[PDB]
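Below is one structure, written out as structure tokens; comments come after it.
Number of protein chains: 4
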Amino acid sequence: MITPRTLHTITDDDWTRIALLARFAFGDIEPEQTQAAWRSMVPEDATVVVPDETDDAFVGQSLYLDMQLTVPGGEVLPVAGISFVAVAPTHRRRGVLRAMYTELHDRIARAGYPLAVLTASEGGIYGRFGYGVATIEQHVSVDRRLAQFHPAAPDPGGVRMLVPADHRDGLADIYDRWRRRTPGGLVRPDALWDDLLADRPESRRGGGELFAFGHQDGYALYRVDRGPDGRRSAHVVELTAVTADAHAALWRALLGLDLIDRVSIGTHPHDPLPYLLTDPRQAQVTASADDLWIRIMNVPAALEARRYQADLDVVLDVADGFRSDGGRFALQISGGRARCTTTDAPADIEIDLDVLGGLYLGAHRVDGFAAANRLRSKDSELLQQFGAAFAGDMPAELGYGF
Amino acid sequence: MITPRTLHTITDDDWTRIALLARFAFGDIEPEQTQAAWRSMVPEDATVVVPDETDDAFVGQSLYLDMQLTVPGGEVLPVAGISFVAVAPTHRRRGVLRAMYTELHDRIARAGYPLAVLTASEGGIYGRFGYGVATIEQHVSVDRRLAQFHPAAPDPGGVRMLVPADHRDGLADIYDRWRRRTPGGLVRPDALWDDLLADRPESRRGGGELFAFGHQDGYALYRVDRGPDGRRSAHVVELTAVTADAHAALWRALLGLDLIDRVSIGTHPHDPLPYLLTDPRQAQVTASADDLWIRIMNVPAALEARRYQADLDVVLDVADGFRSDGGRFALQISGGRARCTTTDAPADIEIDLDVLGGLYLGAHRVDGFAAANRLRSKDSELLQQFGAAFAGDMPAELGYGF
Amino acid sequence: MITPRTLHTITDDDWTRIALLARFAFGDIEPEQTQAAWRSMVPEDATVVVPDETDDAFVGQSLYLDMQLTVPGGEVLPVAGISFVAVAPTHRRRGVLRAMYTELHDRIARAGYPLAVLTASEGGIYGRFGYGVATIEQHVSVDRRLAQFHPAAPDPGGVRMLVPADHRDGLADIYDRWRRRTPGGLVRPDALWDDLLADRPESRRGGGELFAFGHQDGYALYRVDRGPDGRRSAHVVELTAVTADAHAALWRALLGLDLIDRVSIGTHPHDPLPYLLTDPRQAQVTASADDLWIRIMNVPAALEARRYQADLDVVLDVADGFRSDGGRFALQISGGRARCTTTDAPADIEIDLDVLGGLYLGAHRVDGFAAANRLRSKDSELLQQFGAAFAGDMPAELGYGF
Amino acid sequence: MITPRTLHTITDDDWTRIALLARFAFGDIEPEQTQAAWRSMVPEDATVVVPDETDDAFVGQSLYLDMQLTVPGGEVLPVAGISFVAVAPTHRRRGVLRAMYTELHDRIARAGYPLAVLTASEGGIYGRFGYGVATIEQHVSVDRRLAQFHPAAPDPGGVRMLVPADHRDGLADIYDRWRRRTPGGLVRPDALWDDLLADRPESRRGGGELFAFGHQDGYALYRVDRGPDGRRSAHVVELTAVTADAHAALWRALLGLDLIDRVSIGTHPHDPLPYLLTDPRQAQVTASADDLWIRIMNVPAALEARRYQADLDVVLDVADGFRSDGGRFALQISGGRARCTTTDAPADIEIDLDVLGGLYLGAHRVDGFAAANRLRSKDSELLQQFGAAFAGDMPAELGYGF
Ligand SMILES: NC[C@@H]1O[C@H](O[C@H]2[C@@H](O)[C@H](O[C@@H]3[C@@H](O)[C@H](N)C[C@H](N)[C@H]3O[C@H]3O[C@H](CO)[C@@H](O)[C@H](O)[C@H]3N)O[C@@H]2CO)[C@H](N)[C@@H](O)[C@@H]1O
Ligand SMILES: NC[C@@H]1O[C@H](O[C@H]2[C@@H](O)[C@H](O[C@@H]3[C@@H](O)[C@H](N)C[C@H](N)[C@H]3O[C@H]3O[C@H](CO)[C@@H](O)[C@H](O)[C@H]3N)O[C@@H]2CO)[C@H](N)[C@@H](O)[C@@H]1O
Ligand SMILES: NC[C@@H]1O[C@H](O[C@H]2[C@@H](O)[C@H](O[C@@H]3[C@@H](O)[C@H](N)C[C@H](N)[C@H]3O[C@H]3O[C@H](CO)[C@@H](O)[C@H](O)[C@H]3N)O[C@@H]2CO)[C@H](N)[C@@H](O)[C@@H]1O
Ligand SMILES: NC[C@@H]1O[C@H](O[C@H]2[C@@H](O)[C@H](O[C@@H]3[C@@H](O)[C@H](N)C[C@H](N)[C@H]3O[C@H]3O[C@H](CO)[C@@H](O)[C@H](O)[C@H]3N)O[C@@H]2CO)[C@H](N)[C@@H](O)[C@@H]1O
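Chain order of the listed sequences is A, B, C and D. With the UniProt record's numbering applied, the first sequence closes on residue 402, and no number is skipped along the way. With the UniProt record's numbering applied, the second sequence closes on residue 402, and no number is skipped along the way. With the UniProt record's numbering applied, the third sequence closes on residue 402, and no number is skipped along the way. With the UniProt record's numbering applied, the fourth sequence closes on residue 402, and no number is skipped along the way.
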């Protein structure tokens, strides 16, 4: 009783049927405008579902969004943004997920995309299907009362107080400038902008209505919120800056607010904030989570489209235990650019598709993977070269979650 | 108007004074015998104090340890380790601290040391003097019952259950082989060993009673504790491993304790553990914090000491605002080795000595300091090269605190 | 080089700038018709703001409300209620505050107000400007199920349960009766009652709709809420009694609710609630925090207005390091009343202006101040006599906060 | 059934009976040396027990310690400190406690004591027996990191660190100088001093070993304590200060412990500590609670021993539902000194014996009692004159627990 039919387009009864299943698997009723916004991002032939005994509702679902992701060196690639994946609580353990994934990857594949990307949702299983953790989110916390900036620290001022809803075109532009300069940057449709700034109480979790700071080269969205204390603290929801001074002047404004005791952000790994303060201990790094996951769908494409931090000439055997996207490729990186030729010479390096996925925005070291035999070579030193080559120019940051 | 006094040698009465201040200053301190080992490690003319208006106990105290740190590429350097620094709460008011630091650091240079090192005390100002954070601890924490090793991951066995005090010599040179390999490695006199494996109730601190896992190329000391819940959790006091075989093996043993709920450790930034499991989410990285602070006491000595990761030719002006260990240097790095001579040439890159110290073990990135003007160049990729070169290839781990 | 600017009258696109600033600066934006009411209370030429270089929103703002304060002895003085003072977290450190406070106080002075009053908010630098804490607020928690009145203790009854809104006038009259009897007493404009009984969800925390109790001489507003447990307790929001029996009878009421585990109230220091029980231990006193602060603007005006508890023939040297309302005064107090007149004699007692302020409503002892050398006299008993004089019969208590 | 007998002295076998019953009723068995300390204090014919059927153990116990309370004006009286009151939880609800108290209070009365005193515990019924709350213990905490002393504030200097053990005499001497100035000052026998510095761990509340700060005119005693999250608060157990400076100097000391995030203390109502800080808000009053309770045994003797702050000539009717120590009394106060003789004329103020005991150290304001009818007079300004007379120059602080 398992066959998946790929929706050519998402009718209003299909979406209703999907927002039912999705509601069970993900929690709240993301509001009408938020999902419509999401629905608008779905290329056609991009929704694989599995119906029930009587085709009244769905008992499995998936889809990818049509996205454009920046990779190191600056190129944008179109990526397939896998999401709204759910199998009914009732039908699990009967292999619905796998069936539906194969069909969605053959659709993702035929539709052209070089990379597939997701965020991890609880209970998901991703490694064996070839997805690796590509970016890291690091929650960092500053007690504003004791933080005090370093002498050398920039102090560019020129930060306006903003109503975010009134500067859609303004913000969205700042974001775009950063997007083009930062790996992990997704393009964000006017749809989502419209929907973010709206400040739906629903999507709202973690504070009240939305405050915003503005700079010619950056902006910051944050919410205030009280604890059991009475004592409030600020949570930064997005802080996007395109110049160092943007970034600095914003952090300066943020620790400006006398109302609040702490400010926390969910940032990327090497954020400059601590180095801005006289003493790094004043900023308090308190978690490191996975953010963006990545299945490389077409090796040569993906590997050539990005730039490299060291030079390397090697044959690379990619294991793929789900599809046939691997094989042996000849990686040849010359002045930080690659030419990734299909081969059947012997290999220098064996790598599982999920770990090629992960290295890819330069967020990892071969150290963990190698020591875990997901990254093999008779030649210890070459494997260090490989990692250096794949290391990132700039710290990856996913633009937004999906 | 206050002059400090260098003690040619620390007497029983001195030490009593020193112990008394350091108790008020650091909290009811180590046992008598731990104190005895630290004392053991203080060379001559290495103690600076500000005597009380009449000498009973001191108003100000500082000394340094004779130590031996490992730098990248395995060279070992003698380093001065600034410990038991403290100003009696009754004189934190009047500039005692700078007085001692000036004298103590004078002493440290008269003695030859290329580096001064310390771990941070609450209340200490540090970069002012040229100490920068040079290594990092991530607090990783795995939920045993849900963790799961990767199918790929090595399962070498080789683990012996241990009573720790009973293989003091064995453990001790596993740790040496490690020390010799890892940047950050402090030598560890047997005085310190016998103190730790003595496993004293006061110096137990956070948990129950040391357990040990032994292995031909690694050990793991841990303590179990249970809190209000009724449920236990292991905390790893130290895990030293020389092979990735030792490490996997040790970690397999660790996540084998049915007794245990979570297993916490305090380790370096790019630890194999999460890569060893099927889903990097099973391991939960929580907090990242400073470990080891460095002040470079002799730029050419220390710069020539380690090895590097790109080539580099640059003239470096190094800004010290405490002593005069500053100045313009030719930094010439090829094939890893560096030649660093003093010069009158115009500088390509300015750098503040406290950030030169931080970068010294390969720990950070340039982006942060650059962003804050603690590191400048009109050429923006000269910087990117400089950084690229100072980077490490073994994550730096401070050997123990002091 | 900043010149501030007085708004002779508040515009609509003036009130817009002010709310926006205020929202950035005090957490939430209180409901519209809350703002409407306050703004209703701002007299002419009583708003001081600082425009941006652009002059689009405000980067500094402050204003006073014209009010009506009761002092020891029942006299009622007009008082500048300093409110909404706020500085954009962007132009911080630019000392706009001194620029504004200095104009806003010239205004207050021109207007002829004897006192200025405020409630404190985070970051507020207040003593520095001659403000002093003038009333104290004790929080109290009775656990109903073990509480029980004393045998001797009044049981008048006469408490109706009310719906708050419907007896707006009735409430208002009762309040007013209290006000004229109780130093601390602010007049409450009808605008404000309306907004109070209105009970909009947005400035309710913590609890639900607003329950109430009505005695001929007293009333009690409160909210109930489920906490974590989730067991319920009642926050008394405001309880006003003119006679001991309304006090008794209302407390009786409050403690007879059943949902309730405990009843909590913020109230003044010598509240007879605990004296009303068989054991004061039933009535847990939780905190003691600042409420109303006072800056004496016209020393003679203000001193003369109230009346006193001891006699006193002393020469006062009020010290003011912000403005110039200092000087030496012959303060002679005979049987209640004081004639304070400016003079040239040397001093007996010297006294910082912020101290005179806090001492004004009686709720301090001179001991603390004297110890700090904020209250200096060479004559030891003179000081203790000053205290004697400035004490008061009715415990001071602010009417409501702003 | 119940017939209490009054031990002439305590024999070693009698003490074990009491230590037995005490453990059941109080939990920790105070170390041997503690118990001896108290035994030391128990005078002749001062122990009252009820034995059980076999006459092997006791099923009800009580005694009083011979003590020395300091009352207003600085005169010391001998007071009977009721201690160690127990009833076997087996024989509770049989009237054991009233029986025991009645005889204990003749012993006290016939002994010649004008005051019984105790620190309340458990349940703890105390009102009816004539005991009222006499002194108050307000808990204060200071976030050390944020607190600043007011510029005006003494910085007297003069504080040393100590091993408090090695300074018992000079400590006790300072304590003595304080005890004779402060109402509530108990005399502290060497035995007790010896037991406090004994620092035994099974009587150690609020931290680890004892720290000391000594001044010639005061000392602070505190423990340090580490929270779940590894940050230390330091809790003062005793801060005895004989002059203003010593008080300033010691706080100035305490707040200078970089180790410590907050300091806390259980102190008296009007301590100067918040007044010493530039903003009183950095100090936080966090509880207010009963300390010492008092029963007046002999009204005339007691009222004559203390001094007063006003004058009055009144007939005082003292209620008493447990003994007949009440009566009507001519109370005339002038010069702050009172003569009090029995009189048969008719009364102006009728007073419960609770509230005379409670009002005795000048703690309370009479408004509370009067509202609750435990204090009564027609003439409403007579109550007011009574209270005014009964207030106290020095804030009262119990010397130590018992
Ligand atoms: N594949 C899992 C996905 O889970 C989704 O649910 C959400 C979450 O799972 C995901 O949360 C990500 C988290 O994975 C991730 N490890 C870290 C990240 N901080 C979170 O994202 C969060 O931060 C960014 C703000 O910059 C926002 O874009 C996002 O709304 C917010 N929830 O962001 C998704 C969108 O808010 C979808 N319900 C589902 O379509 C999809 O399948
Ligand atoms: N100069 C500053 C120093 O502060 C010191 O303070 C002690 C602690 O602050 C320091 O603790 C460090 C901590 O700062 C640091 N941020 C991280 C580190 N993990 C802790 O160290 C801890 O872990 C290591 C191994 O992990 C152990 O060997 C060590 O005993 C343990 N305390 O280790 C020191 C000794 O435990 C000393 N009191 C003193 O010698 C010295 O003045
Ligand atoms: N300068 C502080 C001013 O506070 C205002 O904001 C609020 C707070 O400052 C103020 O809070 C005060 C608090 O300061 C104060 N130290 C103690 C008091 N418990 C609180 O007030 C609270 O209690 C009283 C009744 O008990 C209520 O009337 C009041 O609405 C309530 N918020 O009550 C105001 C709410 O009406 C104004 N936005 C602004 O003028 C400025 O922030
Ligand atoms: N309640 C009756 C008494 O309780 C005693 O037990 C102890 C406690 O009751 C009493 O604790 C009191 C507390 O009741 C009291 N109402 C408030 C006070 N904070 C506590 O006292 C505490 O702080 C004081 C300093 O103020 C310290 O001297 C003392 O170590 C500490 N116990 O201090 C007593 C001894 O430390 C006796 N076992 C008993 O003889 C006696 O009947």
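The C-beta atom is built at its ideal place from N, Cα and C for all residues, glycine as well.
Next item on the list: Flag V133/C as yes if its beta-carbon sits less than 8 angstroms from any beta-carbon of chain D, otherwise no.
Entry: In the third sequence, the residue the question calls residue 133/C occupies position 133. Judged by the 8 angstroms Cβ criterion, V133/C is in contact with chain D.
Checklist line | Proximity of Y113/D and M297/D at Cβ, strictly below 8 angstroms | finding: Along the fourth sequence, one-based indexing puts residue 113/D at 113. Along the fourth sequence, one-based indexing puts residue 297/D at 297. Closer than 8 angstroms, so yes.
Item checked: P274/A: first and last residue of the uninterrupted beta strand (DSSP E) it sits in -> As a position in the first sequence, residue 274/A is number 274, starting the count at 1. No beta strand (DSSP E) holds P274/A; the alpha helix (DSSP H) holding it covers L273 to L276.
Check: When burial is assigned at 16 or more other CB atoms within 10 Å of the CB, is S334/D buried or exposed?
Finding: For the purposes of this step, residue 334/D is taken as residue 334 along the fourth sequence, with counting starting at 1. With fewer than 16 Cβ atoms within 10 Å of its Cβ, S334/D is classed as exposed.
Next item on the list: Decide if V50/D is buried, meaning its Cβ has at least 16 other Cβ atoms within 10 Å, or exposed.
Entry: Locating residue 50/D in the fourth sequence gives position 50, counting from the first residue. It is buried - the Cβ of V50/D has at least 16 other Cβ atoms within 10 Å.
Next item on the list: Report whether the distance from the Cβ of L210/C to the nearest heavy atom of ligand 3 is below 7 angstroms.
Entry: Mapped onto the third sequence, residue 210/C falls at position 210. It does not: the Cβ of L210/C is nowhere closer than 7 angstroms to a heavy atom of ligand 3.
Check: In chain order, what residues of the same chain have a beta carbon less than 7 angstroms from the beta carbon of residue 406/C, not counting five sequence neighbours either side?
Finding: For residue 406/C there is no data in the structure shown, the boundaries of chain C being 1 and 402.
Next item on the list: Compute every distance between the C-beta of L118/B and the non-hydrogen atoms of ligand 2, then say whether any falls below 7 angstroms.
Entry: As a working note, residue 118/B is residue 118 in the second sequence. Result yes, Cβ under 7 angstroms from ligand 2.
Notebook entry, point to check: Are the beta-carbon atoms belonging to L361/B and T119/B less than 8 angstroms from one another?
Noted result: On the second sequence, position 361 is the one that residue 361/B refers to. On the second sequence, position 119 is the one that residue 119/B refers to. Contact flag unset, no.
Margin query: Tell me whether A289/B, by its Cβ, gets closer than 7 angstroms to a heavy atom of ligand 2.
Written below: Here residue 289/B refers to the residue found at position 289 of the second sequence. Because some heavy atom of ligand 2 lies under 7 angstroms away, the Cβ of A289/B counts as near it: yes.
Next item on the list: Could you give the DSSP three-state label for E30/A: helix, strand or coil?
Entry: The count along the first sequence starts at 1 and reaches residue 30/A at position 30. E30/A falls in the coil class under three-state DSSP.
Next item on the list: Closer than 9 angstroms, Cβ to Cβ, to anything on chain A: give me those residues from the segment 26–51 of chain C, in chain order.
Entry: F26, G27, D28 and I29
Check: Between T90/D and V59/D, which are expected to be in contact by the criterion C-beta below 8 angstroms, what is the C-beta distance as a whole number of angstroms?
Finding: For the purposes of this step, residue 90/D is identified with residue 90 of the fourth sequence, where counting begins at 1. For the purposes of this step, residue 59/D is identified with residue 59 of the fourth sequence, where counting begins at 1. Confirmed, about 7 angstroms.
Notebook entry, point to check: Does any heavy atom of ligand 2 sit closer than 7 angstroms to the C-beta of residue 429/B?
Noted result: Shown here, chain B extends from 1 to 402; a query on residue 429/B therefore has no answer.
Notebook entry, point to check: Got a sec? Which residues, its chain only, sit under 6 angstroms from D290/A by beta carbon, not counting five neighbours each side?
Noted result: If you number the first sequence from 1, residue 290/A lands on position 290. So the list reads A120 and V133, once near-sequence residues are dropped.
Next item on the list: Please work out which residues of its chain come closer than 7 angstroms, Cβ to Cβ, to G207/C, disregarding the five sequence neighbours upstream and downstream, and give them in chain order.
Entry: The residue labelled residue 207/C in the question sits at position 207 within the third sequence. Answer for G207/C: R223, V224, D225 and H235, listed in chain order.
Check: Thinking C-alpha only, which one of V314/A, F149/A, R231/A and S324/A is nearest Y275/A?
Finding: The residue given as residue 275/A occupies position 275 in the first sequence. Of the listed residues, the one whose Cα sits closest to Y275/A is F149/A.
Notebook entry, point to check: Quick one: is the Cβ of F26/C within less than 7 angstroms of any heavy atom of ligand 3?
Noted result: One-based indexing of the third sequence puts residue 26/C at position 26. For ligand 3, at least one heavy atom lies less than 7 angstroms from the Cβ of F26/C.
Next item on the list: Indicate, with yes or no, if ligand 2 has a heavy atom lying under 7 angstroms from the CB of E397/D.
Entry: For the purposes of this step, residue 397/D is identified with residue 397 of the fourth sequence, where counting begins at 1. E397/D Cβ: outside cutoff for every heavy atom of ligand 2.
Check: Using the C-alpha atoms, what's the distance from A302/A back to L171/A?
Finding: As a first step, residue 171/A is located in the first sequence; it is residue number 171 there, counting from the start. As a first step, residue 302/A is located in the first sequence; it is residue number 302 there, counting from the start. Distance between the alpha carbons of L171/A and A302/A is about 30 angstroms.
Next item on the list: Please name the residue in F390/D, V355/D and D143/D whose C-alpha comes closest to that of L375/D.
Entry: Within the fourth sequence, numbered from 1, the residue matching residue 375/D stands at position 375. With distances taken between Cα atoms, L375/D lies closest to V355/D.
Next item on the list: Could you work out which residues of chain D lie near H268/C, taking near to mean beta carbons separated by less than 9 angstroms?
Entry: Your numbering for residue 268/C matches position 268 in the third sequence. Near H268/C there are no residues of chain D at all, since even the closest Cβ is about 11 angstroms away, more than 9 angstroms.
Check: chain B partners of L257/D, CB-CB under 9 angstroms?
Finding: The residue given as residue 257/D occupies position 257 in the fourth sequence. Within 9 angstroms Cβ-Cβ: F24, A25, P89, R92 and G123.
Notebook entry, point to check: When you compare only the Cα positions, how much space is there between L239/C and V366/D?
Noted result: As a first step, residue 239/C must be located in the third sequence, where it is residue number 239. As a first step, residue 366/D must be located in the fourth sequence, where it is residue number 366. About 21 angstroms.
Notebook entry, point to check: In angstroms, rounded to a whole number, what distance separates the CA positions of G368/B and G185/A?
Noted result: Position 368 of the second sequence holds residue 368/B. Position 185 of the first sequence holds residue 185/A. So the alpha carbons of these two residues sit roughly 20 angstroms apart.
Margin query: To the nearest angstrom, how far is the alpha carbon of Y308/C from that of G387/C?
Written below: Taking the first residue of the third sequence as 1, we reach residue 308/C at position 308. Taking the first residue of the third sequence as 1, we reach residue 387/C at position 387. The alpha-carbon atoms of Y308/C and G387/C are separated by roughly 10 angstroms.
Next item on the list: Use the C-beta contact count for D217/A: other C-beta atoms within 10 angstroms, 16 or more gives buried, fewer gives exposed.
Entry: Sequence index remark: in the first sequence, residue 217/A carries index 217 (1-based). So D217/A ends up on the buried side.
Next item on the list: Would you please verify whether the beta carbon of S264/B is less than 8 angstroms from any beta carbon of chain A?
Entry: The residue given as residue 264/B occupies position 264 in the second sequence. Answer no: the Cβ-Cβ gap between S264/B and chain A never drops below 8 angstroms.
Note to self: Please classify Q33/B as buried or exposed, where buried requires at least 16 other C-beta atoms within 10 Å of its C-beta.
What the structure shows: Stepping through the second sequence from its first residue, residue 33/B is reached at position 33. Looking at its Cβ environment, which holds fewer than 16 other Cβ atoms inside 10 Å, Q33/B is exposed.
Item checked: Secondary structure of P300/A, DSSP reduced to three states -> Counting from one through the first sequence, the residue named residue 300/A turns up at place 300. In this structure, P300/A counts as helix in the three-state DSSP scheme.
Next item on the list: Can you give me the Cβ contacts of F24/C inside the same chain, cut-off strictly under 8 angstroms, excluding the 5 residues immediately before and after it?
Entry: Counted from its first residue, the third sequence places residue 24/C at position 24. Within the same chain, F24/C has close Cβ partners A86, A88 and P89.
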